[PDB]
Each structure stands twice: as C-alpha cells, then as structure tokens.
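Here is what each chain is made of, one letter per residue.
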Amino acid sequence: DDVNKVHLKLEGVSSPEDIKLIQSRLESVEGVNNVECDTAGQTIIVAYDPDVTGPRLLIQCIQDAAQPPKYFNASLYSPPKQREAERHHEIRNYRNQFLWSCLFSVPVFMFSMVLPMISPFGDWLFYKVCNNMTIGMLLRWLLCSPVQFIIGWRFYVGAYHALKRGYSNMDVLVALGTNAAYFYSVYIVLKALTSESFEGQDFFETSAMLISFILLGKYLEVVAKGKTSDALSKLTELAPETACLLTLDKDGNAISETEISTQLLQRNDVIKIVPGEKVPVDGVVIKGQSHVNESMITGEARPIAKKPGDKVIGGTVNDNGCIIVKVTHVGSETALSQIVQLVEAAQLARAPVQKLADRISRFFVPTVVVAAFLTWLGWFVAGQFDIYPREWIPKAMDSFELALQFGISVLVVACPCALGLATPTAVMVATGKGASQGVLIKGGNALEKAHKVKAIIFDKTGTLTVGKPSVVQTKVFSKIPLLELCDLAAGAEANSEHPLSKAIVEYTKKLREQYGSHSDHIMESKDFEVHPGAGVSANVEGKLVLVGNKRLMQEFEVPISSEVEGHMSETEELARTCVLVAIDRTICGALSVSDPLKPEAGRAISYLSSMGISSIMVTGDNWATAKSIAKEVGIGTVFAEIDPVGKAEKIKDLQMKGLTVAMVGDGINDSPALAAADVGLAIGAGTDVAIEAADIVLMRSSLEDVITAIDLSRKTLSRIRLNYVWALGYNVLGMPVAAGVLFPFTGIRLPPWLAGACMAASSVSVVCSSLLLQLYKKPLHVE
C-alpha cells in the first residue's frame, strides 16, 4: 500500500517520535486531501495523490526528514513478489510438518518391524512391567500419540467441514482409517495390561507410516504449485526494479542520470536508457533511438527505425545507443500483472474433469466404509457360531480378533487418493510447463475443449502475411513520369489512407530510384475521390498514378481493355494479384498486390495433417486469390469475400454438424467469431483483450506453438486417463484380497501393518506419475 493511506515505520522507528519524523515531511508536502485527522492515531488515514506528487516526492521526504540513528532508507510496505514470500512460507510450513512427522514415524516402524528380530534389544522390549503388556507397546503408544493428535490435525479439521455440509472427501476416509487403527491398538494394549493370560499384538506402524506419506503427497502438490507460480512469475516480470532518472523537462537540460525505482519516474520524468538497462516501464518516449529486440521506438541495430517520439515504450535489453523517455504511465498497469490474477482465477476455477473427480468421490467413500463394515459382520457371526475350521485362526488370537483385523484392513487399502492428488496437480503442472513456452492455458476447461478438436479456422491477415510491395506487387508496366514517385512525386494515391493505402504509399518509399527527391508538386486531394476497394486518386503524377477501383476506372477513362485482364490472370496465377489503376487517365500501366507468407506454414499444415485434423482458412478477397493461396498451402475447403460475420455463420455450421473447431488470429475484430468458436487460441499475443473473447492465448508469433498447445493438451488428457485406469485397477483388486477371498482357499491375508503399505505405495507412485509431465518437449524441434 503506502499510496492513499500511507503508513510506514522503517528502520530506527520505535516510538511515535520517529513516526512523526516521517509524518511531518510526508503528509505536509503537497499531494494530500487530508481525509479527517486522527490526532496522532498511529495509522492516520488521510487522502494522498500517489499519481503525480507521489512515490519520488513522498519517499525522498521520508529520507530528508530523517536525522540518522539509522537514516530511514525507503522500506515501503510493498509485495516482494508476495507470491514468492507466500509460497516460501507455505513450503516451509509443509516441509517442516512432514519433517517433524518422519521424526516419530521412522522410529516406530523400526522398533516393531526390524528391531524385534535382533537381540538383546528386543529382549529389553520384552521385559514385562505389568501383566503381559511390555516396554515395546508402552514406548510405541507414547511415540505414536503425537503423530495423530498434534501433527495430524487437518485430518479432522477438514473432515468436519465436509461432514457438517453433508458430503465427504479424501480426508474423511484417511481420518477414519488412522483413527480406527489407533483405537484398536489402544484396545489391544488394555487387554494385555489387565490380564497376563493374553498376549495380543499391536498396530501403530500403519498409523505412523500412512500419515507420513500422505503429508509427503500434500507437500509434493504444493511444491508443484510453487514451481508453476514461479514459472509464471519469471515471465511476468521482464523488467528491472529501478530505472535511471535523467531529469529534464521534455527535451533538453539533462540534469543528471540517477538510479531509482520504476514508479518514481512517471509524469514527464525521464529515463535515459543506457546500453544494458532493460526497458522497465511505459509512457511516451519523445527522444532517443534504440532498435532493441522489441516493438517500441528504434535505432540501435535491428532495423525497425522509429524516429524519436512514438506511443509504445516497453522492451528488452539494449544495444549501442540510448533513448530519452517522457513517461506518462509506467509499465505497471501492463497486462502481465493481471494475467497473473486471471490465471490464478482459472486455477481457482476448474474443469468438468475436475468436477468429474468430485462426483465419483461423492459416491465412493460411502461405499468403502459400508463394505468394510459388512466384511466385519461376515467373519464375526460365522466365527461366533463356528461355521468354519478353527485351524485357520493363527495362534495368539481368536475369531473376534480376525473379524476386527479384516475390518481394519479394508478401511486402510482404499483409493490411493488419486482422485484429489493426481488430477488437481496434473492440471496445474500442465499450465506451468506451457507457460515456460510463453503459451498460457486458461484453466482446465480450456485444456479439455482444446483436447477435443479436429478442425482449425485460419485466415491470411496477420497470421500468414509479411508484405513486400514492388513491381511484383505494386507498380506499372508502362512508362511513368516522376519515377520512382514517392517524396514529392506521387501524391496521386495519398488521399484516403487505410491498411492498404498506406502500403500503396510505402512501396513508393521502397522504390525511389537512386536520386533523393525529384521534388515536383504533390497535389494531394485535388479531385479527391474515394471508392471502396481503392479509394485513393486525385490528380498528381506518376504518369498520373491515381489508382482506383471498379467505379473509378471507367469513371476517369479507363476502359479496362483486354490487356488488364491478361495482366490480371497472369498476376493472380503468380499470386501477385493486380489492383486496378488509372495511369494517365488510361488503361496503360497496371498495379499489383501480393503477399509473402511466414516460412513455416507448410511445416505446420503438413504436421497438422499428420495428427489428422482439418485445416480451413477464409479470406475477404476474391475467390481466385484464395484458391491460389490454397494451391500454395495445400488446404481443404476455402472461403473468400468473407467478413467476420460470415466467419460466424461458417463456425456455427461447422459446430452444428458436430465438429469442435478452433480458429487462429488476434485481430480484435475477430471477437464475434472468436467467441463463436469452440475455443480461443489467438496467434500473436496482444493483451487481456484477447482473453476477453478467447480461452487459449498464444504468446509468440510463430505458427509452430499452435502445434505445441494442442499436443500438450492431448498429452495431459492421456496422462490423466491413464492415472484413472491405474486407480481403478489397483482398487478393484485391493478391496477383495484385503477383505479376504484368498485366505479361505490359500490362507494369505494382509496384516494392517503391510496392508497400509500398498495404500502408501500407490499414493506416491500416482503423484510421481503425474509429476513426470514436466519433462515434456517440443514435437517439432524447429521443423
């Protein structure tokens, strides 16, 4: 905080004197509205203006107000990546809890499994202290009381929540199992202590080991969560905490290059980014020149060439030069901060498969308890009436002991808690591993829907275009006075600028012959005429290079005589499609328009066909151009002269046939069709505006990562289904054998000390199976 109701007690502050030492200079200096007065009420809540007269002024008032016992040094209460501190504390908590659990658990298992086999140590443990109860059970009970009563508290606290609401979950079972085992051991110890005739056996190893491994599983879950969050965080930061403040008004009078935090340099404050000073913030950069590997103003190495002054500011590390920034709004409201929030909300949200897990668990836990109860009565009543051989009973217990022993065994051999510790971690790890590639999922629902896909809707614009206008795309075949017509020659096409008219202005920039400027007249807008398809023509020159469309040609004089249809078929075949022109108010001369494609399209289409899904693309141009593009690509059904509305009806038609179809592209105007489509997956990431109407959002611009997204989704669904197959296979065999349908015919059953081990063994393997997703790699390592 420390923005509106600012409150700080920094180094040296121990009493109200230092609090007032901050106060007196902080609040008194302008930028406050003085919301009431608490008259030295410690955290006095008054208004403040952290926008203009904010961080820099407030913080430096804190320092200059101070006379040092420690000299207050700007210890603003702000999140140190509060996620980092938070999962640090959480990992610390669970790690410590598990580590103190093992401290008791490991002893007990030893003392009653391994140690008795060796002497005289077991002989010490056999020393009677009363009747037949011995030292062994005494110390075992003492050591295993903490494990449940103190450390295992969640197992009870969480269970009560579910039970009071009328439902249940994993906890419920685990708690019942361990509790029943513990009290059965207490019961068996009492019999030993009261009467020396009895010599029964105990069970505490189960109650220790099971709890220990379950806690280990929860620890692994939260470690996976921490890894995913940090993988997000490293990508979301991409900025140094401090920027160099060369203070000057707008341009000129450069005072000095300081170095302070990137919230203290807004509102006409200036960064003079030197080489290597990574671009932290936004806000118009009126001066400077730096080609750095990004899209803001350029000029050092990688040629994009924006002259000083342009409205985009963010970027990566530098090169040989500098810029002089004029921040209006720092890079803090940037999308990344709330991609963090949005993906957390998606993580907070869940998928149908997650909803599937709860429903099965809803009508499973009741069954296990009932079956465990039933198998008790079976052995008991048959035992009481003695309807089966006595010799099956092992020595040192009776039928009643066998009945309860089987009762416990079923209750501790159930679900290895896959349904609750495998799905909710696989879903999570998938998102993090995707985020490592820039691509981000929008929760599990996105995973499911993307996994169900067999069709993709592409589009040429901004998805498969580069653009290079020249004689192969934009100029004459006849003679042209004032060639090559850009600087002061061709104003005949600078009338009505749009995404294509500007290209008509820029091929002239590209082709300017060799002289600098022949400089004749540029009569822009003289006879200004606009018509759809080509709305630029006035009067100027370029052999009168006016340009026009189906209504400007025959208007001026242009008869569209046979040679233009010849140069039309010719150009369209070579994809260099012509655009109608009015050279010298005549049919002489013939413009063109063409487009290079991103050089991985063939790879992508071929490999998508390899997975076996349909590729579809639409265009707004004529049918022939789209057909030529199809010939180049090798795509299926093709559409042309299509608006985003038409894209919407085509999407609806594909879906109603029973086809889940995706679409590519981020041109925000796709929003109707983008929402209409089954999923999102917008290429060339913009901001959360894409997220508004899309679910999948791809970060980079390469078409390659589209393959990666669907591949990862397919892999995740396969892994989850395989884990469910395991959780059915183990569970369908564990229940009978433990309950006993093999003992009556072979005489083998699982004692609870070992029966619980299988439950423990599966739980680790299932989670460990899920965690292996992190070793995913690209299906196309640069094709």
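Residues numbered from 1 in each chain as written, not as in the entry; some residues may be left out. Heavy atoms only, no water. Residues with missing side-chain atoms left out of burial classes, pairs and counts.

Listed as the method for this PDB entry is cryo-EM; the listed resolution is 3.68 Å.

A.B. asks: An account of the overall build of the protein is needed here, citing residue identities and associated values.
C.D. replies: Counting secondary structure elements, the protein contains 25 helices and 11 strands. Over its C-alpha atoms the protein spans a radius of gyration of 37 Å, topping by over 25% the 28 Å that the globule rule assigns to 783 residues. Considering only C-alpha atoms, the protein reaches an extent of 120 × 75 × 45 Å along its principal axes. Pairs at least 24 residues apart make up 66% of the contacts formed inside the protein by residues separated by at least 6 positions. (Helix = DSSP H or I, 4+ residues; strand = E, 2+ residues; numbered from the N terminus. Rg over C-alpha atoms; globule rule 2.2 N^0.38 Å. Contact = heavy atoms within 4.5 Å.)

A.B. asks: Got a sec to walk through the pairing of strand β9 (residues 614–618)? Specific residues and values, please.
C.D. replies: Counting buried residues along β9, 4 of its 5 residues qualify, which places the element largely inside the surrounding structure. Across 5 bridges, the pairing between strand β8 (residues 455–459) and β9 is parallel. Bridge pairing in β9 links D459 to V618. Examined bridge by bridge, β9 and strand β10 (residues 638–639) share 2 bridges and lie parallel to one another. Pairing of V618 across the sheet is with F639, part of β10. With helix α19 (residues 623–633) bridging β9 and its parallel neighbour β10, the resulting β-α-β unit is right-handed. (Buried < 20%, exposed > 50% of the residue type's maximum accessible area, 1.4 Å probe, protein only. Pairing = 2+ DSSP bridges. Right-handed = clockwise from strand over helix to strand, strands pointing away.)

A.B. asks: Can you explain the sheet that holds strand β5 (residues 272–273)? Please cite residues and give values.
C.D. replies: One open sheet accounts for 3 strands, arranged β5-β7-β6; its pairing is antiparallel. In this open sheet, the two edge strands, each paired with only one partner strand, are β5 and β6 (287–289). Pairing geometry for β6 and strand β7 (residues 322–324), over 3 bridges, is antiparallel. Of the residues in β7, the one forming a bridge with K287 is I324.

A.B. asks: Now, about unusual backbone geometry: what can you tell me, with residues and values included?
C.D. replies: Most peptide bonds take the trans configuration, and most residues that are not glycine carry a negative phi. For the bond from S119 to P120, the omega torsion is 0 degrees, close enough to zero to count as cis. For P120, the position within the fold is in the loop between α3 (82–113) and α4 (121–125). The amide bond that connects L483 to the next residue, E484, takes the cis arrangement and shows omega of 5 degrees. Residue position: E484 is located in the loop between β8 and α15 (501–510).

A.B. asks: Pulling in residues and values, what's your account of the packing of aromatic side chains?
C.D. replies: Two aromatic rings are characterised by how far apart their centres lie and by the angle between their planes. Enumeration over the complete set of coordinates arrives at 16 aromatic pairs. Seen in terms of ring centroids, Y388 and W392 are 6.3 Å apart; in terms of plane orientation they differ by 20 degrees. Their pairing is stacked. Taking the relative accessible area as the measure of exposure, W392 reaches 34% and is therefore partly exposed. On the numbers, 6.2 Å between centres and 70 degrees between planes, the contact of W392 with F743 is edge-to-face. With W392 in the loop between α11 (365–384) and α12 (399–411) and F743 in helix α24 (residues 743–746), this pair connects stretches of sequence that are 351 residues apart. Classification of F743 as buried rests on a relative accessible area of 7%. Three or more aromatic residues joined by ring pairs form one cluster here, namely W141, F149, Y182, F183 and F204. Just above the ring of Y187 sits the side chain of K191; from NZ or CZ to the centre is 5.6 Å. (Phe/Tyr/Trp six-rings, centres within 6.5 Å; stacked < 30°, edge-to-face > 60°. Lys NZ or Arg CZ within 6 Å of the ring centre and 35° of its normal.)

A.B. asks: Give me the lowdown on the pattern of salt bridges, citing residues and values where you can.
C.D. replies: As enumerated under the stated definition, the model contains 12 salt bridges in all. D230 is the partner of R83 in a salt bridge, and the nearest nitrogen-oxygen pair spans 3.6 Å. With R83 in helix α3 and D230 in helix α8 (residues 205–237), this residue pair connects regions lying 147 residues apart in the sequence. For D230, a relative accessible area of 34% puts it in the partly exposed group. Measuring nitrogen to oxygen at the nearest pair gives 2.8 Å for the salt bridge that ties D319 to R302. Note that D319 is positioned in the loop between β6 and β7 and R302 in the loop between β6 and β7, a separation of 17 residues in sequence. Relative accessible area serves as the criterion here: at 24%, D319 is assigned to the partly exposed category. Its relative accessible area of 35% is what places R302 among the partly exposed residues. (Salt bridge = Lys/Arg side-chain N within 4 Å of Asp/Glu carboxyl O.)

A.B. asks: Before we move on, could you go through the UniProt feature "transmembrane region" in the protein and cite the residues and values that matter?
C.D. replies: Look at the UniProt record and you will see "transmembrane region" annotated at residues 98–118, 133–153, 170–190, 203–223, 363–383, 402–422, 725–745 and 753–773. In residues 170–190, the share of helix is 100% and the share of strand is 0%. The end C-alpha atoms are 31 Å apart. The distance separating the terminal C-alpha atoms of residues 363–383 is 31 Å; by composition the span is 90% helix and 0% strand. (UniProt positions renumbered as here; feature names shortened; annotations may be inferred.)

A.B. asks: Give a detailed account of the sheet that holds β10, specifying residues and quantitative values.
C.D. replies: Taken in spatial order, the 4 strands of this open sheet run β10-β9-β8-β11, and their pairing is parallel. Strands with a single pairing partner mark the edges of an open sheet, and in this sheet they are β10 and β11 (661–663). Taken together, the 3 bridges between β8 and β11 define a ladder with parallel strand orientation. Each bridged residue has a counterpart across the sheet, and for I456 the counterpart in β11 is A662.

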